[PDB]
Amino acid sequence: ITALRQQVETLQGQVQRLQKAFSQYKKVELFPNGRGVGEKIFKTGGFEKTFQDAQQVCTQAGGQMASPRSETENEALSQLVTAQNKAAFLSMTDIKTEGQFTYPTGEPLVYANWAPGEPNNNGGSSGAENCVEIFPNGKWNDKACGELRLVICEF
């Protein structure tokens, strides 16, 4: 029918405006504590927690901790860490097998950006160092999971 055609063209307009409005509100939301990379979105809570606290926080929020699988994804996190001037915990650990860092899924790294001479598993008073922190410069450093670091969740 011809009226059905009218309803469809109306929907096209409505959908177009929804798309425009949403694109704008994506940018607004991400400023300043969020970064979009691919279909991923990293966002910092602005606070610091231990690794396991941060892991619960991100999960409770409906996401997970950041698993940067590329340089572009790693760069985004670097920007958040820089803006906050606080090193942040990544999602990876080598708790299962020492020396081998893994994603929460069980699969080994497909990307890495260790700083000079890392990891080393030397946390001093803290003891072992099974988690990973990322610096403002984007470099990685294994660190005692019990330390407090910037919380960044991946959605």
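Don't overthink the numbering: it's just position in the shown sequence, from 1.
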{"query": "Mean temperature factor over C-alpha atoms, higher-scoring stretch between 7-15 and 137-145", "finding": "137-145"}
{"query": "Which of 26-34 and 46-54 has higher mean CA B factor, as the PDB entry lists it", "finding": "46-54"}
{"query": "Deposited CA B-factor, highest of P104, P68, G127, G62", "finding": "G127"}
{"query": "Third of chain Cα B-factors occupied by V151", "finding": "lowest"}
{"query": "Third assignment of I95 from its chain's C-alpha B-factors", "finding": "middle"}
